[PDB]
C-alpha cells in the first residue's frame with residue numbers, strides 16, 4: 325500500500341517543467357545643452373579687470 | 375582696505391609694483416634692466 329502511495333506521489337512530482345524566456349529591455353535616453361557666453365575686460369598697465 | 379571684496383588693494387598695488395620693469399645700476412658705468420614677475424599680481 326505505501327508503495328502504491330509513493331508511486332502516485334512520484335508520478336505527480338515528476339512532471340515536466342515549462343521554461344520562460346525573460347527578455348529585458350533597457351532604454352536610456354540622455355540629452356544635454358548649454359550656452360556659456362560673456363565678455364571680460366582687462367588693463368594690465370594698472371591692473372584692472374572685469 | 376576691505377575683506378568683503380574679492381581682492382584687497384594691498385596685494386594689488388604690491389603686485390603692480392612687482393610687475394614693473396626694475397633697473398639696477400652700478401656706477402664708477413654698468414646699468415642693467417630686468418622685467419619683473421607677474422606672479423604676485
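Residue numbers (full-length UniProt numbering), protein chains in the order written: chain A, 325 to 374; chain B, 375 to 402, 412 to 424.
Just so you know, even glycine gets a beta-carbon here, dropped at the ideal spot from N, CA and C.
query: Beta carbon of residue 417 of chain B nearer than 7 angstroms to that of residue 399 of chain B; result: no
query: C-beta neighbour in chain B for residue 362 of chain A, strict 7 angstroms; result: no
query: Helix, strand or coil at residue 333 of chain A according to DSSP, with G and I counted as helix; result: helix
query: Boundaries of the beta strand (DSSP E) in which residue 347 of chain A is found, first to last residue; result: First-last for residue 347 of chain A: undefined, no H or E at that position.
query: Cross-strand partners of residue 372 of chain A (DSSP beta bridge); result: A:367
query: Residue-level contact to chain B via CB, residue 366 of chain A, 7 angstroms cutoff; result: no
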